[PDB]
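Heads up, the chain below is alone and in the form solved without the ligand; it's given as C-alpha cells.
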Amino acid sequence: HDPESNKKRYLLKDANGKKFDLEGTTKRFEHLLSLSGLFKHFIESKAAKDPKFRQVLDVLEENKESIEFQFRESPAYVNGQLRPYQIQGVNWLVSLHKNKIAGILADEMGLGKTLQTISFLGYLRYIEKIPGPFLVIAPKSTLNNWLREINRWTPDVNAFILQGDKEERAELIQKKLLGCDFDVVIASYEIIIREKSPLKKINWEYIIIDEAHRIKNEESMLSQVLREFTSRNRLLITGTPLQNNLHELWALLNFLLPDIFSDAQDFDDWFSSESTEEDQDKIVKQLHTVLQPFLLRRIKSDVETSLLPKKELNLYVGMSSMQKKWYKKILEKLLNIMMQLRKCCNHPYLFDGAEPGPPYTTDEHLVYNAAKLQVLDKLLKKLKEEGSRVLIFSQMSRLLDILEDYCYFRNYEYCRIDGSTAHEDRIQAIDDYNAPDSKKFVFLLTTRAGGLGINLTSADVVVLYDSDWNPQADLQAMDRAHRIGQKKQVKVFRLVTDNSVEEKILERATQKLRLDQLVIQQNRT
C-alpha cells in the first residue's frame, strides 16, 4: 500500500464510530449458543434492561463460514520452522477469528510465546490479505524484544516502538501515526495512557495486549481507556490468568467479549455464592464449559521435558524470645496495621529501637534476635559444602538490608536487585552473578521485582524467606530460577512461623492456589 490508502481506511469515517452493530452480535450469539446452551443465563441477564438483545435471542432461538483451514506446518512467510503445538495454537487463533470472537492465550511463560502471535499476524496479512493496523501493548522492558522478534521472523512489515520523550513521541506520531505509515504499532502501557486521543481516532483491527493479567481490575485507568478504544476484535496474552480470585477472570472476559460476559453478578453467582453440598462440586465446576472455548493453556511438562520439577518444602520455625515480647506488645494496645505482625514474624530489628544501645554493631547477636534467620544460617552453612548458590526472596527490601549485613558479617558475596537500583546496574549485576565463574555466593531479590526478563538460571536453591498473599507472585519468583535453562534440581524452601499470622497467610494462599487449580488446571487439557 501507500500512505494515502492507509489514510482513507484507518481514520474513523464518522464522528461517533461507536454504535451497536447487530450482525456481529447475532453471529456471536448463534455460534456460541450452537456450541452450548448455558449462555441463555447471560443472555436473559443482559436482556433485562435492553430488549433488542432479547429479540436477537428470539430470532436466533425460534429458528431451530469458519472454513476448516487447518493451517498446517509453518508457512514460508514466517522464517524457519517451529513447534507443532505452536501450529496448533495458531489454528486455535484462526478458528477463533473465523468465529468472530476473541480468546485468552494462557501458554506458560517461556513456551514459545508471542511467536504464535507474530505467525498469526502474518496469517492475517497473507492468507486473509488484510493489512494493519495492529496495536501491541507490552511492558516497556519487552518493547524492543517484540520489535526484534517481528523484524527477524517476518521482516517484510512495518513496525515501530512509540517510545521517547514528549517531543520525540509527538513528532513520531505526526510523522507515522497521523502519517499512516505502519502495520503494527509497538507501545507500552504508560504510553497507551499518555497517547489516548491520537490512538482513539484509528479503526483498529486487533489490540494485542501482552501480559494481559495487568488488565484484571475494571476500575483501572488502562481498562477504561481500552474500553474507549474502537476495534474490530481483541486478543489477550498472559501466563497467569485468575491469579487470586474468580472475579478477575470475568474481568478478563468482559474486555475480551463485552457482549457475552456483560454482567459481573451473573458470573459471581454462577458458582461462588453456593456452598452447601455437591452443588459446590462436580456439576457446578463442570459448568466451567463456558470457559472452555475462550482459553488455552499449555505446561512445561508437555513440551520441553527437561527441568526436573520442584521440591517445595516448609520450615516451621519457632517464635524467639525477643520476637515473643514484641509480638505480645503488638497484639495488645507507629503501629497502625496488622502488617506489623508479619514484620515481627520476619525479624524484630525492623522495628526501631530493637538493636540494643545502640552502639552500632553487626556481630553474631543478629541471628540471636531472629527465628527464621537462625534456620537460614544453618541452611547456608550446610549448603556451602555443596556450593549451591542461593536466591533469597522477601517482601520488604528493608528486610533485605538486614539480611545482606548478616551476609557480609559472615563474609559472603551478595548482589542486590530492588526497586531503587536502576536498569543498567541491574543488567551488569545479573551479568556478574551469571558469570561462568562468579564469586558471589548468594543473590538477593524482591518477590514482585525485576519484571520477567531476569535469567537467574545459574543457581539451584531458592528460599522464599517470606510468603505472599498471591501464590502467583511466589510462583513467578520460583520459575525465575526454574525456567528453561537451569538443569540441576531446583530446591525451594519456604519459611513459616508457627502460632503466628504467617499460618493464616499461607492458608489463604493455599485456598487461592487450589481455586486456581480447580478452575483452570484440570480442564487445561
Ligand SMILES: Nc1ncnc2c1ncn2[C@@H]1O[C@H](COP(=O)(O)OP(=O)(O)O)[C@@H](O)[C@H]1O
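Don't overthink the numbering: it's just position in the shown sequence, from 1.
One more form of this protein exists, namely the form solved in complex with the ligand; it is left out here, but the text below deals with it.
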Review point. If you check in the deposited bound form, is residue 46 within 4.5 Å of the ligand, heavy atoms only?
Key: no
Review point. Heavy atoms within 4.5 Å of the ligand in the deposited bound form: does residue 258 have any?
Key: no
Exercise for review: Give a yes or no for residue 361: in the deposited bound form, does one of its heavy atoms lie within 4.5 Å of a heavy atom belonging to the ligand?
Suggested key: no
Review point. Does at least one non-hydrogen atom of residue 426 fall within 4.5 angstroms of the ligand in the deposited bound form?
Key: no
Study note, to complete from the structure: Partner-free chain; cross-checking the ligand in the deposited bound form, the single residue of 198, 112, 75, 318 with a heavy atom within 4.5 Å is 112
Review point. Considering 98, 169, 83, 247, which brings a non-hydrogen atom within 4.5 Å of the ligand in the deposited bound form?
Key: 83
Review point. Would the ligand in the deposited bound form be within 4.5 angstroms of a non-hydrogen atom of every residue among 149, 455 and 484?
Key: yes
Practice item. From the candidate stretches 385 to 393, 181 to 189, 447 to 455, 372 to 380, select the single one in contact with the ligand in the deposited bound form, where contact means a heavy atom within 4.5 Å. Key: 447 to 455
